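Chains as they are written, first to last, in full-length UniProt numbering: chain A, 363 to 433; chain B, 284 to 424; chain C, 3 to 126; chain D, 2 to 141; chain E, 262 to 365.
We put the CB at the ideal spot given by N, CA and C, even for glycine.
Read the structure below first, then the notes.
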Amino acid sequence: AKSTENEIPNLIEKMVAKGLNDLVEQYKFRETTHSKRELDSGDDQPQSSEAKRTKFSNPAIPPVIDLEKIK
Amino acid sequence: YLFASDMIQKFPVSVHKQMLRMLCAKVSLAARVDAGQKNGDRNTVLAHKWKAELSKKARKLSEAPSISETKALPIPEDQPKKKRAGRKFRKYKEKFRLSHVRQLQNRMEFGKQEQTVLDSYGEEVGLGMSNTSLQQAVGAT
Amino acid sequence: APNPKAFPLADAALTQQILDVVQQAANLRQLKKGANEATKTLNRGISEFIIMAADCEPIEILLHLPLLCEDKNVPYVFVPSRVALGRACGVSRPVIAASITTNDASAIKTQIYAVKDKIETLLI
Amino acid sequence: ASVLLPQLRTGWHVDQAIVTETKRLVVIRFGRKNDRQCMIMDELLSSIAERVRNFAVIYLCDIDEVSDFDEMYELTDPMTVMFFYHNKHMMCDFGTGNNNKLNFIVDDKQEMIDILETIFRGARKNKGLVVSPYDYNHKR
Amino acid sequence: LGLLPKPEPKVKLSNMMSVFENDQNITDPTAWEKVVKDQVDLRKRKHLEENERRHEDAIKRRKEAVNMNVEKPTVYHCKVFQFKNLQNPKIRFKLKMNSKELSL
RNA sequence: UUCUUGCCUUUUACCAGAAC
RNA sequence: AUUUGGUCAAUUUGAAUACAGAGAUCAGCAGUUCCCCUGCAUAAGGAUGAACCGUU
RNA sequence: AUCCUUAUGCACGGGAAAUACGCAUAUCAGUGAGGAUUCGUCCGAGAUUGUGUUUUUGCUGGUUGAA
């Protein structure tokens, strides 16, 4: 919960980003379960690269951020 | 035997197949439960629930969809935007193009009596100017 | 917490292994989801081992399968989660029973055998 | 239908209706509530209206009540409909020889829809007139 | 809205004859062929290059990864075999190297 | 107005007969 | 025996101008889905090879 | 370290189809959807409803005309 509080906006988009990250870490079976995402975050931790890919995923999973930037 | 049950045969014939299927599985489940139970337990709550569920299912099947809000005709604008082609795309569109032989057929020679074909279903058919004059005079193609 | 009559419940790692096997089995068309299919498999003799769900409620719809297995001498487990089992099988819906079936010429034969052995060990 | 199609109350309302639909076309049935032909027309238009909601709006009008618009037909007063777009009255040449209004029931729903579409198209172009795809001549 | 790249038509040796966006298609016929064939090669090469890159990166990861993974073993499977003789070198070697491989 | 003829295809207006 | 089914729209009007009403045609490529092959990765799971002795 | 099986992810390449492919705060679904049958039994995963496009989406090139 603490972890979620600090870095994680804990919406659907964030979850998606997290999922993507684990796939890029090198997943096969759907990464891991998420009770409140904390577990997932913990699992990711071994990879040790969280904050970059969510700032990338919003540019892709919609293009709204990109549009904003343009404007 | 099951199909002749009250549980199926009360509902409309629309539902009977699905209803019957439902019954089979639920019946099986009930049987299993019975097998599991020791003598002098007579729980029979699960069965009740199943029955209720079955009833609900039946009701749902009998009830139809609520009326559709009549889908509107699109604001008639007459756009010719597309403009495409591609070995890919031109195939599909080939299926909907009139092909060259059909075009030829659609052409009718002016003075001449045009080549028909006597389909036994209907003689009407105009083979048109798809057959070359000389060719037509001689035979087929 | 899981039902007492759901026995033998597989240990975490073991459960995971079983799930993996099932997934492999699903891929290979070696697996048969569901009570009724599982039952059929048992009748046939094709079943290698039967994987059940502890969180099947009402549990007693399940509890014939174990008996059948016992009478057929087929290893059987429960895993804890029906949902998980379903996922493994390749079904978003809750599956409660499954059968990994026999097929000598499978790639995953060895895996299946291992799981069977594990299941047997569990039983007593 | 009475319940389905909105009916208008007084000439002002009618005028407003005619003006306000910038995007859509406006079909005003002018007709005496209890008449056969008028009723038939209303029934037809009910069907059409839902279909063509996206391009044309239908409204009804009791012509004996709202006497403001006996400019529109020179005091002949059969059971009519009228067509409008951007407050400009829309002329539709049928066989009838009254190009201004269709003063005759058409039985085909689809046909009616088609004619509505045609007039909408004409309006969009700006063409005050439009030639209908159906000849009529017989109904009148 | 970005215009960061521009998408060029993916020629091949079958499209070769029908693509005219890139010029020289009959004018410089062998040149055109070279261009198209070259393009194809690049595409193929790119694919191969990508694969190579992937292979490299994976390899890089694996060494690091193994080092990282000093997990706490919960329970250990064991097997004890006994034999009457092994005056064969080969068998001994097999026993060694396999063991080394499997962290056994 | 309704039914039957004939213009025919519609408005009249008719063709030529019944019924109210 | 007569007649109705026959009004161009648009613009400028307080009848004149208009005069039928305002992109076409040929061709790429990419995407979408499914399939097949191929190389790589990821998991899993095999199968197998390699001289010779090792570690308190 | 080499070879292979499975699934998936990315891609070279080749092929077919788009009457197809989605979408849903829907309803139901391996606790059985839908089907087979030689009638003994067998297969076992979508079905329903709503709806969006669907003679096509996104991009290019040419000739042309326009004049």
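{"Check": "Would you call the stretch 333-344 of chain B and the stretch 78-96 of chain D in contact, with 3 or more CB pairs under 8 Å?", "Outcome": "no"}
{"Check": "Report buried or exposed for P68 (chain C), applying the criterion of at least 16 other Cβ atoms within 10 angstroms of its Cβ.", "Outcome": "buried"}
{"Check": "Taking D115 (chain D) as the reference, which of D:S68, D:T97, D:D136, D:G129 has the closest Cα?", "Outcome": "D:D136"}
{"Check": "Anything in the stretch 18-44 of chain D with a Cβ closer than 7 Å to a Cβ of chain B? List those residues in chain order, please.", "Outcome": "none"}
{"Check": "I want to see whether chain B comes within less than 8 Å of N5 (chain C), judged by CB atoms only; does it?", "Outcome": "no"}
{"Check": "Classify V327 (chain E) as helix, strand or coil using the three-state DSSP reduction.", "Outcome": "helix"}
{"Check": "Short of 7 Å in beta carbon distance, which residues of its chain neighbour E369 (chain A), apart from the five on each side in sequence? Order them along the chain.", "Outcome": "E412, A413"}
{"Check": "Sort D:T81, D:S3, D:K24 by Cα distance to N88 (chain D) and report the nearest one.", "Outcome": "D:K24"}
{"Check": "With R399 (chain A) as the anchor, note down where its beta strand (DSSP E) starts and where it stops.", "Outcome": "First-last for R399 (chain A): undefined, no H or E at that position."}
{"Check": "Please name the residue in C:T104, C:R31, C:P6 whose C-alpha comes closest to that of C58 (chain C).", "Outcome": "C:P6"}
{"Check": "If we cut at 8 Å on Cβ distances, does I52 (chain C) have a partner in chain B?", "Outcome": "no"}
{"Check": "Identify whether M42 (chain D) lies in helix, strand or coil by the three-state DSSP scheme.", "Outcome": "helix"}
{"Check": "Beta-carbon of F56 (chain D) versus every beta-carbon of chain B: anything under 8 Å?", "Outcome": "yes"}
{"Check": "Would DSSP call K89 (chain D) helix, strand or coil?", "Outcome": "strand"}
{"Check": "Kindly list, in the order they appear in chain B, the residues whose Cβ is closer than 9 Å to that of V53 (chain D).", "Outcome": "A355, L356"}
{"Check": "Determine, using beta carbons only, whether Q8 (chain D) and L61 (chain D) come nearer to each other than 8 Å.", "Outcome": "yes"}
{"Check": "How would you call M302 (chain B), buried or exposed, if buried means at least 16 neighbouring beta carbons within 10 angstroms?", "Outcome": "buried"}
{"Check": "What in chain A is Cβ-close to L262 (chain E), meaning under 7 Å?", "Outcome": "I432"}
{"Check": "Identify the contact partners of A318 (chain B) in chain C, using a Cβ-Cβ distance below 7 Å as the criterion.", "Outcome": "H66"}
{"Check": "Note down the Cα distance separating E310 (chain E) from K324 (chain E), rounded to an integer number of angstroms.", "Outcome": "22 Å"}
{"Check": "I think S108 (chain C) touches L30 (chain C), with their Cβ atoms under 8 Å apart; what is that distance to the nearest whole Å?", "Outcome": "6 Å"}
{"Check": "Can you check whether the C-beta of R141 (chain D) is within less than 8 Å of a C-beta belonging to chain B?", "Outcome": "no"}
{"Check": "From what residue to what residue does the alpha helix (DSSP H) around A15 (chain C) run?", "Outcome": "14-29"}
{"Check": "Does any residue of chain C bring its CB to less than 8 Å from the CB of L285 (chain B)?", "Outcome": "no"}
{"Check": "Can you give me the start and stop residues for the beta strand (DSSP E) that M54 (chain C) sits inside?", "Outcome": "49-55"}
{"Check": "Flag this pair as yes or no: are the beta carbons of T399 (chain B) and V408 (chain B) separated by less than 8 Å?", "Outcome": "yes"}
{"Check": "Comparing the C-beta of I63 (chain C) with each C-beta of chain B, is any distance below 8 Å?", "Outcome": "yes"}
{"Check": "Alpha carbon to alpha carbon, what distance is there between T41 (chain C) and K340 (chain B)?", "Outcome": "26 Å"}
{"Check": "Helix, strand or coil for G96 (chain D)? Go by DSSP, reduced to three states.", "Outcome": "coil"}
{"Check": "Where does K371 (chain B) land, buried or exposed, given buried means 16+ other C-beta within 10 angstroms?", "Outcome": "exposed"}
{"Check": "Compute the beta-carbon to beta-carbon distance between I102 (chain C) and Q32 (chain C), rounded to the nearest angstrom, for a pair I have assumed lies under 8 Å.", "Outcome": "6 Å"}
{"Check": "Which residues in the same chain have their Cβ closer than 6 Å to the Cβ of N100 (chain D), if we skip the five residues on either side of it in sequence?", "Outcome": "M92, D94"}
{"Check": "May I have the straight-line CA-CA distance separating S410 (chain A) from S311 (chain B), to the nearest angstrom?", "Outcome": "52 Å"}
{"Check": "For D119 (chain C) and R84 (chain C), what's the separation of their Cα atoms in angstroms?", "Outcome": "22 Å"}
{"Check": "At the 8 Å Cβ level, is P359 (chain B) part of the contact set with chain D, yes or no?", "Outcome": "yes"}
{"Check": "Reducing DSSP to helix, strand and coil, say where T43 (chain C) ends up.", "Outcome": "helix"}
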